[PDB]
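Heads up: the structure comes next, in structure tokens.
Number of protein chains: 2
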Amino acid sequence: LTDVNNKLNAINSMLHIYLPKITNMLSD
Amino acid sequence: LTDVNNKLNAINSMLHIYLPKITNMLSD
Numbered sequence: 619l620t621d622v623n624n625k626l627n628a629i630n631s632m633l634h635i636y637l638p639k640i641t642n643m644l645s646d
Numbered sequence: 619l620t621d622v623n624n625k626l627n628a629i630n631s632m633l634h635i636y637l638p639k640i641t642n643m644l645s646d
């Protein structure tokens, strides 16, 4: 029942890791 | 009631497919 929160947190972590790297690569 | 979990899993799969491809394209 609470696995939805776990997968949402995993999505949040993955997005917060990926997005700034993409922004920095675009700046470069 | 549980369709929220299904659509969240679909979002997770779509993001996990798309993001590394974008990173590789930026590297190229």
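First to last, the sequence lines map onto chains A and F. Its first residue numbered 619, the first sequence is counted upward by one per residue in our numbering. Its first residue numbered 619, the second sequence is counted upward by one per residue in our numbering. In this text, a Cβ means the ideal position worked out from N, Cα and C, and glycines have one as well.
**Proximity below 7 Å, CB of A:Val622 to CB of F:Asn624** = Inclusion of A:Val622 and F:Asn624 in the CB contact set at 7 Å is not warranted, their separation being larger than that value.
**Item:** Cβ-Cβ separation, A:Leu626 to F:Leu619 (assumed contact under 8 Å), whole Å
**Value:** Not a contact, Cβ separation roughly 16 Å.
**Prompt:** Of all Cβ atoms in chain A, is any one closer than 7 Å to the Cβ of residue 600 of chain F?
**Reply:** The structure shown has nothing for residue 600 of chain F, since chain F only spans 619 to 646.
**Request:** Flag F:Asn630 as yes if its beta-carbon sits less than 7 Å from any beta-carbon of chain A, otherwise no.
**Result:** Chain A contact via Cβ: present.
**Asked** Which bits of chain A does F:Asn627 rub up against, with CB to CB less than 8 Å?
**Response** Chain A residues near F:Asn627: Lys625.
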